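Peer 1: Experimental structure below, sequence on top.
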Amino acid sequence: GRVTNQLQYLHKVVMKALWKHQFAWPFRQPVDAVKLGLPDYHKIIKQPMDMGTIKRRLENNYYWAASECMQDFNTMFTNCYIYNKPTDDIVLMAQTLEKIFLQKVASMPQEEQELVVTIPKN
Ligand SMILES: COc1cc(C(=O)NC2CCN(C)CC2)ccc1Nc1ncc2c(n1)N(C1CCCC1)CC(F)(F)C(=O)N2C
């Protein structure tokens, strides 16, 4: 992957804010559907995603574009709304985190640029 202004902002502003939120802990690691007794979880949710995975990907420069990172966040939230019950607090926790995510994306640099300056050689 690579480092862009938007990806660096996602890592050290957006993820920084979301990871330490009071509601973050259910989303810091993948759903353990075996331990939690949810053997329909992976039947219903085709793309599991969590902030621990996203954070590791940001740390390892896995993403090529901010859009891929934003789609992982988006999928994480949507998974929660699709699987759980409308009245579960976990849904309201996801909704709270997603509102912060959106507000941070609003303030992200507008145009993605790779963080690179090269001296012409050859
Ligand atoms: C092992 O970690 C947990 C442990 C306990 C746990 O053991 N809680 C008990 C601790 C002791 N008291 C006495 C009772 C609850 C509860 C939840 C845990 N973790 C978790 N992570 C993610 C999700 C989730 N849960 N959701 C919740 C909804 C309600 C039941 C799972 C369902 C979900 F579908 F997987 C989902 O979408 N998300 C986002």
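Peer 2: That came through, no problem. Numbers count the residues shown, from 1 in each chain.

Peer 1: what does this protein put close to the ligand?
Peer 2: 26, 27, 31, 32, 35, 36, 38, 41, 80, 83, 84, 90 (CB under 6 Å from any ligand atom). For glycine as for every other residue, the C-beta is placed from the backbone atoms N, C-alpha and C.

Peer 1: show me the residues around the nearest residue to the second one once chain neighbours are set aside that make contact.
Peer 2: Computed as CB to CB, 6 or more residues apart in numbering, the closest residue to residue 27 that is not its neighbour in sequence is residue 51, at 4.9 Å. By CB atoms under 8 Å, 6 or more residues apart in numbering, the residues touching residue 51 are 15, 18, 19, 24, 27, 28, 73, 76.

Peer 1: how far away is the residue nearest in space to the middle of the chain from the ligand?
Peer 2: For the chain, the residue nearest the mean C-alpha position is residue 73 (2.9 Å; CA atoms, centre = their mean). Per CB to the nearest ligand atom, to the nearest Å, residue 73 is found 13 Å from the ligand.
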